[PDB]
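Below is one structure, written out as structure tokens, with a few remarks after it.
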Amino acid sequence: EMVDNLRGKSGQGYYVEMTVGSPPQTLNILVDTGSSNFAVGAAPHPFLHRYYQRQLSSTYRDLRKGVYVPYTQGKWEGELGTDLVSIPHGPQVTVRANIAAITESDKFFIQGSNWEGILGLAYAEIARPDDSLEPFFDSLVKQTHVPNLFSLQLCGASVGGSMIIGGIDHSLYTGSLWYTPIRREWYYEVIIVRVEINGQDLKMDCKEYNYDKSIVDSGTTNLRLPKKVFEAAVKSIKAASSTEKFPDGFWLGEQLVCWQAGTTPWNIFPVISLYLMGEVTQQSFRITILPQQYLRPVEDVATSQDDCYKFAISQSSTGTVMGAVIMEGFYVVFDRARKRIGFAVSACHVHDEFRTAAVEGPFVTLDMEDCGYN
Ligand SMILES: CCNc1cc(C(=O)N[C@@H](Cc2ccccc2)[C@H](O)CNCc2cccc(OC)c2)cc2c1CCCS(=O)(=O)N2C
């Protein structure tokens, strides 16, 4: 019943079906671990197939307060209110929640995305206009008997996956679940203790990996890195892939790379290993990312004699973001109750006949430095 309740298009986010209001209005809502506002289109927009019509809901209540939310990509404004909300292919509950009714936006909605709103699944501390605006998942836990946990299985033109609310579906992963502590309940903030490119350590003070935070964000496409880590990573991947030479704009996300259909040279690209802080002192585990994840395919029938890709690793001035291209092929458990994040290899794991994505541990370390930036 909850398995395969997510759809999407590549680079455009993953969405679940929801209803808002009485009687219920059906909307597709992008799943975002990287924010904390539930918001839906509530006025006509060229890219919106449908929108929330507050005048048709008897349960709607205006809070008489505006809100503005700018993200890394896009922004919107609107009006706070509350209403009844359900998730048809989720738990069978109806909850009264805070809803921002988007009445104006800029570069937020995406042409042909199939979604009309966003579900911020992070904590109150980053909610706008402030932490008194109770996020949806908190409302759900408080009002129903749903356990304080959800899991995401994102799979890689159209895509799919599963959001499991209130527990863990063993059928969605193989091997062991490894847990990294949530350092601070605002974003799902975690700590990276080491980065290797094709087995070779980037040899940087580990605080750099976390300048000025590291988050797990289903609402952001790319792996985003602080400039210093980004520069060092690109150098290493360039070196590893030097059998071919790409335009500088490729590495900067300004240009596709294309190969004749079926001939993508996966093997010239390295594996990236991210080591996450363990639940025990100086211990860690690693998740390993194949180029099939960080070279994001760009579907376009005009270019379809070729397979074409964008480099899905980019530079950040606000810390590390482990985005959807990193999450895909892992089963990720947001165990809010025990303040930790679990990673396991998922049922839709990425792999060819030579290499596979993995979650492996434990790794131990002599160095007693705390890797947290602040
Ligand atoms: C298909 C979405 N594409 C992207 C979304 C977002 C994003 O801001 N995501 C928002 C949510 C969002 C989802 C869909 C459209 C627009 C936005 C995340 O919430 C960002 N998370 C961290 C954050 C950053 C700043 C403010 C903030 O307020 C809560 C939260 C960012 C980015 C992309 C794709 C372009 C390359 S990227 O992955 O490096 N990048 C800049």
Side-chain angles (χ1 to χ4, degrees), residues 5-6 13-21 27-42 52 59-72 74-87 90-91 93-102 108 115-152 163-167 182-190 213 215-220 321 327 332-341:
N5 62 1
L6 303 181
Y14 293 80
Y15 61 83
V16 67
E17 181 177 64
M18 300 187 75
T19 72
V20 294
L27 301 167
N28 287 156
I29 304 293
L30 178 152
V31 180
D32 189 18
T33 67
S35 68
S36 296
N37 280 86
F38 183 35
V40 307
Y52 176 39
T59 40
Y60 172 76
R61 186 268 166 86
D62 195 347
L63 286 173
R64 289 178 62 196
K65 170 93 177 154
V67 54
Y68 169 59
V69 168
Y71 304 105
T72 312
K75 53 195 202 166
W76 53 259
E77 66 182 352
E79 180 72 11
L80 301 167
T82 72
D83 215 333
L84 302 191
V85 175
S86 88
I87 304 173
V93 317
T94 290
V95 279
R96 183 167 276 271
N98 295 314
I99 308 176
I102 297 159
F108 177 59
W115 55 262
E116 298 98 34
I118 187 164
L119 176 62
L121 288 167
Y123 307 90
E125 285 87 327
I126 62 174
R128 304 292 199 92
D130 65 53
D131 71 18
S132 57
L133 196 76
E134 180 169 293
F136 177 83
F137 198 83
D138 295 81
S139 286
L140 175 76
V141 165
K142 285 183 179 179
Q143 297 172 32
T144 75
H145 280 102
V146 165
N148 194 14
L149 177 159
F150 67 92
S151 53
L152 288 177
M163 172 168 77
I164 309 307
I165 300 200
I182 292 166
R183 187 195 186 207
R184 185 187 158 188
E185 292 158 336
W186 58 323
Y187 301 92
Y188 292 99
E189 183 183 356
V190 300
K213 66 195 178 271
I215 71 170
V216 183
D217 185 355
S218 65
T220 293
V321 185
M327 289 173 74
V332 183
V333 181
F334 294 80
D335 183 351
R336 290 163 57 106
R338 298 186 59 186
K339 298 195 48 167
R340 59 186 186 166
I341 305 300

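Sequence positions, counted from 1, serve as the residue numbers for this chain. Side chains are part of it too, since the values below use all heavy atoms of this structure and drop only hydrogens, waters and symmetry mates.
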(message) Less than 4.5 Å apart, side chain to side chain, heavy atoms only: is that true for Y188 and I215?
(response) no

(request) Check side chain to side chain donor-acceptor pair (under 3.5 Å) between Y187 and all other residues, then give those that pass, not counting sequence neighbours. (result) none

(message) Can you pull out every salt bridge (charged side-chain N to carboxylate O under 4.0 Å, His left out) where at least one residue sits in residues 116-131? Sequence neighbours excluded, please.
(response) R50-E116

(request) Inspect the surroundings of CZ in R61 and state if more than 12 heavy atoms from other residues, nucleotides or ligands are less than 6.0 Å away. (result) no

(message) Suppose we screen for side-chain contact (heavy atoms from CB on, under 4.5 Å). Which residues come up paired with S86, at least two apart in sequence or across chains?
(response) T19, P88, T94

(request) Check salt bridge (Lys or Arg N to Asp or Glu O under 4.0 Å) between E189 and all other residues, then give those that pass, not counting sequence neighbours. (result) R183

(message) How close do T33 and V216 get, counting heavy atoms only, and between which atoms?
(response) OG1-O, 2.9 Å

(request) Please test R96 against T59 for side chain to side chain contact (heavy atoms under 4.5 Å, CB included), starting from the C-alpha separation and ending with a verdict. (result) CA-CA 9 Å; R96 183 167 276 271; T59 40; 3.6 Å; yes

(request) With rounding to the nearest 0.5 Å, note down the distance linking CD1 in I29 to CD in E17. (result) 10.5 Å

(request) Using the test ring-ring contact (aromatic ring centres under 6.0 Å, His included), find all partners of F150 that sit at least two apart in sequence or belong to another chain. (result) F137, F334

(request) Test side chain to side chain contact (heavy atoms under 4.5 Å, CB included) on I118 and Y71 and set out the steps. (result) CA-CA 12 Å; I118 187 164; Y71 304 105; 3.6 Å; yes

(message) Applying side-chain contact (heavy atoms from CB on, under 4.5 Å), can you list everything that pairs with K339, at least two apart in sequence or on another chain?
(response) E185

(message) Under a 3.5 Å distance rule, please check whether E79 uses its side chain to pair with a backbone N or O of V67 as donor and acceptor.
(response) no

(message) My understanding is that only residues two or more places apart in sequence, or in another chain, count here; which of them pass side chain to side chain donor-acceptor pair (under 3.5 Å) with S151?
(response) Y331

(message) Quick one, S218 with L152, criterion side chain to side chain contact (heavy atoms under 4.5 Å, CB included). Give me CA distance, side-chain angles, the key distance, then yes/no.
(response) CA-CA 9 Å; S218 65; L152 288 177; 4.2 Å; yes

(message) With a 4.5 Å cut-off on side-chain heavy atoms, are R336 and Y123 touching?
(response) yes

(message) Could you check whether any side-chain heavy atom of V31 comes within less than 4.5 Å of a side-chain heavy atom of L119, counting everything from C-beta outward?
(response) no

(message) Once ring-ring contact (aromatic ring centres under 6.0 Å, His included) is applied, do any residues pair with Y60, and if so which ones, sequence neighbours excluded?
(response) none

(request) Using modelled atom types only, decide if a donor and an acceptor are shared between the side chain of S36 and the backbone of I126 within a distance under 3.5 Å. (result) no

(request) For the pair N5 (side chain) and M163 (backbone), establish whether a donor and an acceptor sit closer than 3.5 Å, ignoring hydrogens and angles. (result) yes

(request) For residues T144 and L140, report the shortest heavy-atom separation together with the two atoms involved. (result) OG1-O, 2.7 Å

(request) Please identify each residue that fulfils side chain to side chain donor-acceptor pair (under 3.5 Å) with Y52, with sequence neighbours left out. (result) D83

(request) Measure the spacing between CG of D32 and OH of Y14 and express it to the nearest 0.5 Å. (result) 13.5 Å

(request) Applying side-chain contact (heavy atoms from CB on, under 4.5 Å), name anything that partners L149, two or more places apart in sequence or on another chain. (result) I168, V333, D335

(message) So, taking the atom named CH2 in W76 and the one named CG in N37, what distance separates them when rounded to the nearest 0.5 Å?
(response) 5.0 Å

(request) Could you tell me whether the side chain of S139 reaches within less than 4.5 Å of the side chain of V85, counting heavy atoms only? (result) no

(request) Drop me the distance from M18's CE to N28's CG, to the nearest 0.5 angstrom. (result) 11.0 Å

(request) Taking side-chain contact (heavy atoms from CB on, under 4.5 Å) as the test, write out the residues that go with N98, two or more places apart. (result) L63, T82, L133, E134

(request) With sequence neighbours excluded, tell me which residues meet side chain to side chain donor-acceptor pair (under 3.5 Å) with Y68. (result) none

(request) With rounding to the nearest 0.5 Å, note down the distance linking OH in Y15 to CH2 in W115. (result) 11.0 Å

